[PDB]
Amino acid sequence: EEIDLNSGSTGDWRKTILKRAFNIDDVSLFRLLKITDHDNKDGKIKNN
Amino acid sequence: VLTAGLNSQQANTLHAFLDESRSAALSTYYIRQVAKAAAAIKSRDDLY
């Protein structure tokens, strides 16, 4: 399943659990993605 | 998305407060709609 991790996307329940497990908001979760993956064009990742 | 912004202390305050508020509504719905007419269940102490 895709998880939309952009800064301004009120996503599904899967983005909420990523915020609860990591104790961050939407904005720091998009910057956590850019620290992880600079090559990611959009915000969407896989649920691997 | 608001629950994901809590720490470990405020989450345990939240989930303990929700269980006290669900039980006031689940019990009162049981007495009016679910409970049998033969058992004269009138209050929550009669439900205990």
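If you're matching them up, the sequences are chains C and D in order.
Counting with the authors' numbering, you get residues 534 to 581 for the letters of the first sequence.
Counting with the authors' numbering, you get residues 921 to 968 for the letters of the second sequence.
C-beta atoms are modelled at their ideal positions from N, C-alpha and C, and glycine is treated no differently.
Asked                                                                                                               : Found
List, in order along the chain, the chain D residues whose C-beta lies closer than 9 angstroms to that of C:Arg553? : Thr923, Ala924, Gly925, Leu926, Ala931
Considering Cα atoms alone, identify which of C:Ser542, C:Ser540, C:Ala554, C:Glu535 is closest to D:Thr923.        : C:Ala554
Do C:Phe563 and C:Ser540 come within 7 angstroms of each other at the CB atom, strictly closer than that value?     : yes
Does DSSP classify D:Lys962 as helix, strand or coil?                                                               : coil
Quick check: the Cα distance between C:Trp546 and D:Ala931, rounded to an integer number of angstroms?              : 18 angstroms
Along chain D, which residues have their Cβ under 9 angstroms away from the Cβ of C:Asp558?                         : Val921, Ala924, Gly925
Any idea which residues DSSP pairs C:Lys552 with across the strands?                                                : DSSP, once it has assigned bridges, lists no residue as partnering C:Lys552.
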